[PDB]
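Chains as they are written, first to last, in the deposited numbering: chain B, 75 to 174; chain A, 338 to 376; chain C, 265 to 321, 341 to 461. Cβ coordinates follow ideal geometry from the N, Cα and C atoms, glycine included. First comes the structure, then the notes that go with it.
What follows is the structure, given as structure tokens:
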């Protein structure tokens, strides 16, 4: 309830926190994607609507690691801004959950 | 009316405007060559 | 099939065509482009010679790896990176590396024009006419999507402006407003 909505709304605040703070950080590395991604609600993004979307062969600039499931970075494209990138294990987990 | 009988060489101006396109590039690319040498 | 491949933070620019490198027409036409970029992007660019055969990712494995690492390092602070890569004549040559180049096709539309340009260099270059003509025909058979930029303008200044506009837009894509 608002028993639970204490932690799972403080988690969202702590996530938006790191996200604004990574805006000034340097690019840790870049990747070229071999897969596409567009967030679905069941993907459980640390901040809903803040996952980035991309197609295969797009380029991403990664700033930092948020946790084991999510990195923070941006699509290399004019107008695109910082957001959450699913890690390889998170991508694998979404496929496996989908099959189950 | 003599000259209306030579207007039917429309496929020859098609060869002409290609050649002056070829003269257009060949001077231009050679200046591309020229201004790389003295640098 | 890993979802992500690590690539340089700025994709290195590589020039291919209008024919084979190591001959005057191609080397001089590309040279004029490198010199333009040097001033056009002064303060935001590094242009570096790559003699090692980076398509091998002859040159030893260690020599290739160290050139690859050097190119990654040049791009780390998000400055434009341009390679004068002697051995690279075709886009498919770097497709298996993680360099992810911006491939710029310097294209002469007319084979007759390329032949006349080669002949203008003297018989020492015209001796090698056929190998150069064959190579240009091969680039011309590639689907245009294999190239990131195609410079088919016949004036140096127009080709430069096209390439600069592309790289200026790439600068914006890689440098979001604060």
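Beta carbon proximity, residue i to chain E, threshold 8 Å
i	result
residue 368/A	No chain E appears in the structure shown, which is made up of the protein chains B, A and C.
Residue-chain proximity (residue i, chain C), Cβ-Cβ < 8 Å
i	result
residue 103/B	yes
residue 124/B	no
residue 109/B	yes
residue 148/B	yes
residue 152/B	yes
Within-8 Å CB hit, residue i to chain A
i	result
residue 437/C	yes
residue 265/C	no
residue 313/C	no
residue 279/C	no
residue 299/C	yes
Partner residues on chain C for residue i, Cβ-Cβ distance less than 7 Å
i	result
residue 353/A	Under the 7 Å cutoff, chain C gives no residues; its nearest Cβ is about 15 Å from residue 353/A.
residue 165/B	267
residue 155/B	459
Delimiting residues of the beta strand (DSSP E) encompassing residue i
i	result
residue 147/B	144-149
residue 368/C	363-368
residue 313/C	309-314
residue 269/C	268-271
residue 284/C	Looking at the DSSP string, residue 284/C is not in any beta strand (DSSP E), and its letter there is neither H nor E.
Nearest to residue i (by Cα), restricted to the options the options
i	options	result
residue 404/C	296/C, 439/C, 287/C	287/C
residue 140/B	78/B, 89/B, 81/B	89/B
residue 168/B	92/B, 151/B, 136/B, 110/B	110/B
residue 451/C	128/B, 172/B, 92/B, 152/B	152/B
residue 355/C	276/C, 419/C, 458/C	276/C
residue 442/C	271/C, 279/C, 272/C, 273/C	279/C
Endpoints, the alpha helix (DSSP H) within which residue i is located
i	result
residue 162/B	162-173
residue 298/C	288-304
residue 355/C	344-357
residue 356/A	347-374
Chain-ordered neighbours of residue i on chain A, where CB pairs are closer than 7 Å
i	result
residue 296/C	369, 372, 373
residue 403/C	367
Per-residue contacts from residue i into chain B (C-beta, under 8 Å)
i	result
residue 273/C	101, 103, 104, 135
residue 383/C	106, 133
residue 374/C	Here the premise fails: no neighbours, minimum Cβ distance about 14 Å.
Residue i: contacting residues in chain C (beta-carbon distance under 8 Å)
i	result
residue 361/A	437
residue 162/B	266, 267, 268
Residues that residue i contacts on chain A, provided the C-beta gap is smaller than 8 Å
i	result
residue 391/C	362, 366
residue 400/C	363, 366, 367, 370
Min CB distance residue i to chain B below 8 Å
i	result
residue 268/C	yes
residue 456/C	yes
residue 427/C	no
residue 361/C	yes
residue 282/C	no
residue 459/C	yes
Under 9 Å by beta carbon: chain A residues contacting residue i
i	result
residue 395/C	359, 363
Task: Any beta strand (DSSP E) of 3 or more consecutive residues that is wholly inside the segment 380-444 of chain C - done: The segment 380-444 of chain C contains these whole beta strand (DSSP E) runs: 385-389, 432-434.
TODO: Jot down the residue ranges of each uninterrupted beta strand (DSSP E) in the segment 84-144 of chain B, minimum 3 residues, whole runs only, in chain order.
DONE: Fully enclosed beta strand (DSSP E) runs of 3 or longer: 103-107, 133-139.
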